[PDB]
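Listed next as structure tokens is one chain, alone, in the form deposited in one PDB entry.
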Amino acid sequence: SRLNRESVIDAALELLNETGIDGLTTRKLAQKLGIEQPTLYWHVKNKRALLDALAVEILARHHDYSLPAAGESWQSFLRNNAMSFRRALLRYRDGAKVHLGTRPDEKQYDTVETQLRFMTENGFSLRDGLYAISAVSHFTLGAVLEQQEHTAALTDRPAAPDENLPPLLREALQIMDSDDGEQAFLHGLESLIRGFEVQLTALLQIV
């Protein structure tokens, strides 16, 4: 089949949904594209290069709330940015593990620069704007990684000692399972953003 950049990525994302990150191999990708491995090699050197391209392409295609809307509050921006980030990472199997394995490229540095300019124009110190951006990223990535690695584990581990659970824990585990963690995520997000606001709002006052 065609081996333009776009088609190679389309097949690689299809393979990633089939195999997950550990099972994705250039051999399987060649077979899916109907080509020999040395043909694929001309197009993409190794699994590392493929995963780096997939991470960038997952965000470029599906993380579309990178930049604040005209006159958007910093609160609303961080919220929409986090939801778009989570949604992009959840779109492919082990998508967060794909994102984790890559260094930010020139385009990701430009995006953080725009975000940091925005935060500082909204009254954040440089340090505090970057800590807010990093905290939202760390929280969102951890939430998604815990959700996808729980699903990956479900292959080799059944569910564990039911009979044994103490009662708050048992009820808690039932609540988190009702919705695969969207509620936990959205609640935690509001907490994080409000915390940033209380800190910013103090200015130089002890808080």
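Take the two forms, find the largest set of C-alpha atoms that superpose within 1.5 Å, and that set is the rigid core. Residues carry their position along the shown sequence, with the first being 1.
Here the subject shifts to the form deposited in another entry, a form of this protein not shown in this document.
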Quiz item: Against the rigid core, is the Cα displacement of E121 between this form and the one not shown at least 2 Å?
Solution: no
Quiz prompt | C-alpha of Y131 moved at least 2 Å between this form and the one not shown on rigid core | solution = no
Quiz item: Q75: with the rigid core matched between this form and the one not shown, does its Cα shift 2 Å or more?
Solution: no
